[PDB]
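For reference, the structure is listed below as structure tokens.
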Protein chains: 2
Amino acid sequence: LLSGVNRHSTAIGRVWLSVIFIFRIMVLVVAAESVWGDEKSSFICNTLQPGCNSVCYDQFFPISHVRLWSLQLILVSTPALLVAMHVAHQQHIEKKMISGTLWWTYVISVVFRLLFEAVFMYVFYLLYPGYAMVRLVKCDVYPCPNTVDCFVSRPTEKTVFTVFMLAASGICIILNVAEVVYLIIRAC
Amino acid sequence: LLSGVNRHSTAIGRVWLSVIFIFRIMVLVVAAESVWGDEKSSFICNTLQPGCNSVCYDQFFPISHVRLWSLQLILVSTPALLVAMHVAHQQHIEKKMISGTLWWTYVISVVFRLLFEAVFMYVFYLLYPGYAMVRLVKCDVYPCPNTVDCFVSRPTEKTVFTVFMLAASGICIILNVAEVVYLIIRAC
């Protein structure tokens, strides 16, 4: 399951990480179509040149925030689901017919989840510097003549939801670091 | 009358100047509404901002070529008409009841006509450098956002007529200089 457990997960990996993951899922569900639903259609530019709106939008939004967060959530949930599948497979094999291997697998899964969180946060920072979206953008790309003034839709609400998602991801990274440190200390 | 005579006008002031003046009048008549008729309406810009076309047109055409040439022709014809009126007044006075004063008046009239020709040519050069009109103009003036691409109507035909009018005005200036020099030489 999401942020799955393996009989080795502590309190900060069984109680808090699952809550944060569910919170992110619910926020993404309630903001996916309400806020970013008309990101493309409501996006208009101040020009008479045909085809300038689409090229400007693709220039300023290479990949939307909602879909980037969706990919981040899917890739974060993948290692936990893989670990759960492996645990079920091992149980089935034992029934048809070990703790240290499971412990190391869980540690590697937490490490990979932390790595995915960090890389997705870095990608988000690289694509969209800052936490705020501006109402007006200046675009100079073919076929738009010189510079044109495009207007983004709902910058303030998108900024609020971006702050929420970034804070949640930072909390997830902190909790993953704490979980890794706690497991290392307990093992030694 | 136009480029009027005063019994003192030579061959280059009675035969050629009148022909050039009539040629300019006819060219202006046949090009006033045919070419510059839709200079404002056909003038369009590549923007969705309301009111940008009018401000751009006023920016790039402070005063149209046709009306500038009309003012030049009126001011050039004014001294000749004034001299003719003065001659008629003197004839009426003599009938109711002198050559040197008339000669000096004619010389001053030719000088003033030359001065008006020169000043109008200089003004035309200052407002519109070069002899050619371009199809595309870049305009950055309020309320137009940044720079906009405006398109002029009939640049080639207007260039041809500008060349015609400038050549005619240059010929007029040369003939006026020749007339002044010839009168000065004959007097001395």
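Here's how to read the names in the structure tokens: chain A, B, ... by the order shown, residue numbers from 1 in each chain, ligand numbers from 1 in the order shown.
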Checklist line | Residues of chain B within 6 Å of chain A, only C-alpha atoms counted, as a PyMOL selection string | finding: chain B and resi 46-48
Report task. Excluding range 165-182 of chain B and any residue of its chain fewer than 6 positions from it, enumerate the residues within 10 Å of it, using only C-alpha atoms, and give them as a ChimeraX atom specification. Result -> /B:9-13,16-18,20-21,23-25,27-28,65,69,72-73,106-108,110-118,120-121,124,131,159,188
Output file for the residues above (N, CA, C and O atoms, as a tab-separated table (two decimals), in the first residue's frame):
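Final output, saved to again_8.tsv:
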```tsv
chain	number	residue	atom	x	y	z
B	9	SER	N	8.97	88.76	-66.40
B	9	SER	CA	9.33	87.35	-66.35
B	9	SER	C	9.97	86.92	-67.66
B	9	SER	O	9.47	87.24	-68.74
B	10	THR	N	11.09	86.20	-67.56
B	10	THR	CA	11.80	85.73	-68.73
B	10	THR	C	11.17	84.44	-69.25
B	10	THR	O	10.08	84.03	-68.84
B	11	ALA	N	11.87	83.79	-70.18
B	11	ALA	CA	11.37	82.53	-70.74
B	11	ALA	C	11.31	81.43	-69.69
B	11	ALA	O	10.38	80.62	-69.69
B	12	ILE	N	12.30	81.38	-68.78
B	12	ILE	CA	12.34	80.34	-67.76
B	12	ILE	C	11.47	80.65	-66.56
B	12	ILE	O	11.51	79.91	-65.57
B	13	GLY	N	10.69	81.72	-66.61
B	13	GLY	CA	9.79	82.06	-65.53
B	13	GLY	C	8.36	82.18	-66.00
B	13	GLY	O	7.42	82.20	-65.20
B	16	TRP	N	8.36	77.72	-68.40
B	16	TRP	CA	8.70	76.46	-67.75
B	16	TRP	C	8.12	76.35	-66.34
B	16	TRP	O	7.62	75.28	-65.97
B	17	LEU	N	8.19	77.42	-65.55
B	17	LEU	CA	7.68	77.36	-64.18
B	17	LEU	C	6.18	77.08	-64.17
B	17	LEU	O	5.69	76.31	-63.34
B	18	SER	N	5.43	77.71	-65.08
B	18	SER	CA	4.00	77.45	-65.15
B	18	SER	C	3.72	76.00	-65.52
B	18	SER	O	2.81	75.37	-64.96
B	20	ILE	N	5.65	73.38	-64.93
B	20	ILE	CA	5.97	72.52	-63.79
B	20	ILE	C	4.90	72.64	-62.71
B	20	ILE	O	4.52	71.65	-62.08
B	21	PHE	N	4.40	73.86	-62.48
B	21	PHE	CA	3.35	74.05	-61.48
B	21	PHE	C	2.08	73.31	-61.87
B	21	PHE	O	1.44	72.66	-61.03
B	23	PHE	N	1.93	70.69	-63.82
B	23	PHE	CA	2.23	69.27	-63.69
B	23	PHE	C	2.08	68.80	-62.25
B	23	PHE	O	1.48	67.75	-61.98
B	24	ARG	N	2.61	69.58	-61.30
B	24	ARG	CA	2.47	69.23	-59.89
B	24	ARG	C	1.01	69.24	-59.46
B	24	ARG	O	0.57	68.36	-58.72
B	25	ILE	N	0.25	70.24	-59.91
B	25	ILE	CA	-1.16	70.32	-59.56
B	25	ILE	C	-1.90	69.08	-60.07
B	25	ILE	O	-2.69	68.47	-59.34
B	27	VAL	N	-0.67	66.08	-60.88
B	27	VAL	CA	-0.24	64.88	-60.17
B	27	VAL	C	-0.89	64.82	-58.80
B	27	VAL	O	-1.38	63.76	-58.37
B	28	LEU	N	-0.92	65.94	-58.08
B	28	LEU	CA	-1.55	65.96	-56.77
B	28	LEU	C	-3.04	65.66	-56.86
B	28	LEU	O	-3.59	64.97	-56.00
B	65	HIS	N	1.53	62.98	-46.70
B	65	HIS	CA	2.29	63.56	-47.81
B	65	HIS	C	1.42	64.45	-48.67
B	65	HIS	O	1.85	65.53	-49.11
B	69	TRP	N	2.11	68.42	-49.35
B	69	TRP	CA	2.31	68.96	-50.69
B	69	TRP	C	1.26	70.02	-51.03
B	69	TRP	O	1.56	70.99	-51.72
B	72	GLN	N	2.34	73.14	-49.33
B	72	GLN	CA	3.48	73.68	-50.06
B	72	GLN	C	3.03	74.40	-51.33
B	72	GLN	O	3.50	75.51	-51.62
B	73	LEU	N	2.11	73.80	-52.08
B	73	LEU	CA	1.63	74.43	-53.31
B	73	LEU	C	0.88	75.72	-53.01
B	73	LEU	O	1.04	76.71	-53.73
B	106	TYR	N	8.69	91.90	-57.94
B	106	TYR	CA	8.78	90.60	-58.59
B	106	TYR	C	10.00	89.82	-58.10
B	106	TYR	O	9.92	88.60	-57.88
B	107	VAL	N	11.13	90.50	-57.94
B	107	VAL	CA	12.33	89.83	-57.44
B	107	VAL	C	12.08	89.28	-56.03
B	107	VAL	O	12.43	88.13	-55.73
B	108	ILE	N	11.47	90.09	-55.16
B	108	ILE	CA	11.19	89.64	-53.80
B	108	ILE	C	10.21	88.48	-53.81
B	108	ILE	O	10.33	87.54	-53.01
B	110	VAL	N	9.87	86.18	-56.21
B	110	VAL	CA	10.60	84.98	-56.62
B	110	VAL	C	11.46	84.47	-55.47
B	110	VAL	O	11.55	83.26	-55.24
B	111	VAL	N	12.10	85.38	-54.74
B	111	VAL	CA	12.92	84.97	-53.60
B	111	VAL	C	12.08	84.26	-52.55
B	111	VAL	O	12.48	83.23	-52.01
B	112	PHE	N	10.90	84.80	-52.25
B	112	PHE	CA	10.04	84.18	-51.24
B	112	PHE	C	9.52	82.83	-51.71
B	112	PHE	O	9.40	81.90	-50.91
B	113	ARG	N	9.20	82.70	-53.00
B	113	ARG	CA	8.78	81.40	-53.52
B	113	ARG	C	9.90	80.38	-53.39
B	113	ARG	O	9.67	79.23	-52.99
B	114	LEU	N	11.13	80.79	-53.70
B	114	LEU	CA	12.28	79.90	-53.53
B	114	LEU	C	12.45	79.50	-52.07
B	114	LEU	O	12.73	78.33	-51.77
B	115	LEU	N	12.30	80.46	-51.16
B	115	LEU	CA	12.44	80.17	-49.74
B	115	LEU	C	11.39	79.18	-49.27
B	115	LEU	O	11.70	78.26	-48.50
B	116	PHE	N	10.14	79.35	-49.71
B	116	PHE	CA	9.09	78.42	-49.32
B	116	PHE	C	9.36	77.03	-49.87
B	116	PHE	O	9.17	76.03	-49.16
B	117	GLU	N	9.81	76.94	-51.12
B	117	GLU	CA	10.16	75.64	-51.69
B	117	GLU	C	11.25	74.96	-50.87
B	117	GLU	O	11.13	73.78	-50.52
B	118	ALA	N	12.31	75.70	-50.54
B	118	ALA	CA	13.41	75.12	-49.79
B	118	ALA	C	12.98	74.68	-48.40
B	118	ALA	O	13.33	73.58	-47.95
B	120	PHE	N	9.97	73.87	-47.32
B	120	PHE	CA	9.07	72.72	-47.36
B	120	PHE	C	9.82	71.45	-47.71
B	120	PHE	O	9.53	70.38	-47.16
B	121	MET	N	10.80	71.53	-48.62
B	121	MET	CA	11.61	70.35	-48.91
B	121	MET	C	12.40	69.91	-47.68
B	121	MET	O	12.49	68.71	-47.39
B	124	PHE	N	10.01	68.19	-45.30
B	124	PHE	CA	9.70	66.84	-45.77
B	124	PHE	C	10.85	65.89	-45.50
B	124	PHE	O	10.63	64.73	-45.12
B	131	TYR	N	13.52	58.30	-49.44
B	131	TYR	CA	12.50	58.43	-50.47
B	131	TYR	C	11.55	57.24	-50.54
B	131	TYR	O	10.63	57.26	-51.35
B	159	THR	N	5.77	55.69	-52.81
B	159	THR	CA	7.17	55.98	-53.08
B	159	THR	C	7.34	56.57	-54.48
B	159	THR	O	8.10	57.53	-54.67
B	188	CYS	N	22.17	94.39	-63.88
B	188	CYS	CA	23.52	94.94	-63.82
B	188	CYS	C	24.19	94.89	-65.18
B	188	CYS	O	23.53	94.91	-66.22
```
query: Excluding same-chain residues fewer than 3 positions from residue 102 in chain B, what lies within 8 Å of it counting only C-alpha atoms, as an NGL selection string?
result: :B and (6 or 87 or 98-99 or 105-106)
